[PDB]
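Included below are structure tokens for two forms of one protein chain, each presented in isolation as structure 1 and structure 2.
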Structure 1
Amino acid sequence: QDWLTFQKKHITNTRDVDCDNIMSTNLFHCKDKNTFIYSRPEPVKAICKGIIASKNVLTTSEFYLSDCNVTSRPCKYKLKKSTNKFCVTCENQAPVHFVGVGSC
């Protein structure tokens, strides 16, 4: 019916995450906070290159990060966009957990 509805129905990456739609999906289940990384999988998996034993690792470079943070209205959110380093748990050479922005 209109540009914004066309985007929501028929476009997949405005690196301007749709907090209120994505966080109310059954994967995020109206949780307080989630951070999305604007990147292909490959540069992100590479963080864990040659780490086997469970270990927390900080990226050597910055990525575009979209944070969804819940307001006072249940399952309603405000989008924060930044570039920064982040920390993941590496297990058998792959990211298995998001630990934090800026610092492990």
Structure 2
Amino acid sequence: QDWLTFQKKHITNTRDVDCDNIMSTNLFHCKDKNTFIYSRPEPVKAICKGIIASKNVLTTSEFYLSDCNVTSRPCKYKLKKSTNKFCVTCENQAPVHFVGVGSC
């Protein structure tokens, strides 16, 4: 919905996200999956530069991705690290929603 929420939900300052800890907090409420982007915020915000009306945009660059993926045991996760492009919804020159990995 907005840039601050997007960062809280998707930007990490470690690749080695502690899935079992972070996913169990109220922000993520033990949901099934979440993709974290290992990056300082500013190159992520730059994905949306110049884009005013809501639009989905795939990154030009590859990013380091850390996914928390739920196992067969509720609220227990595996950390999967990967490198890929990802798709965000840009609005008023900022990412406001994460769409998906690899494609819009």
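FYI, numbering is relative to structure 1, first residue = 1. Residues that one form lacks are left out of the comparison. Basically, rigid core = biggest C-alpha set you can superpose within 1.5 Å across the two forms.
Chemist: Note yes or no: does the Cα of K8 move by 2 Å or more between the two structures after the core is superposed?
Modeler: Yes, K8 moves 2 Å or more.
Chemist: How many Å does the Cα of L58 travel between the two structures when the structures are matched on their rigid core?
Modeler: Rounded to one decimal, the shift is 0.4 Å.
Chemist: For residues shared by both forms, which stretches of 3 or more shift their Cα by 2 Å or more between the two structures, once the core is superposed?
Modeler: Segment displaced between the two structures after core fit: 1-14 only.
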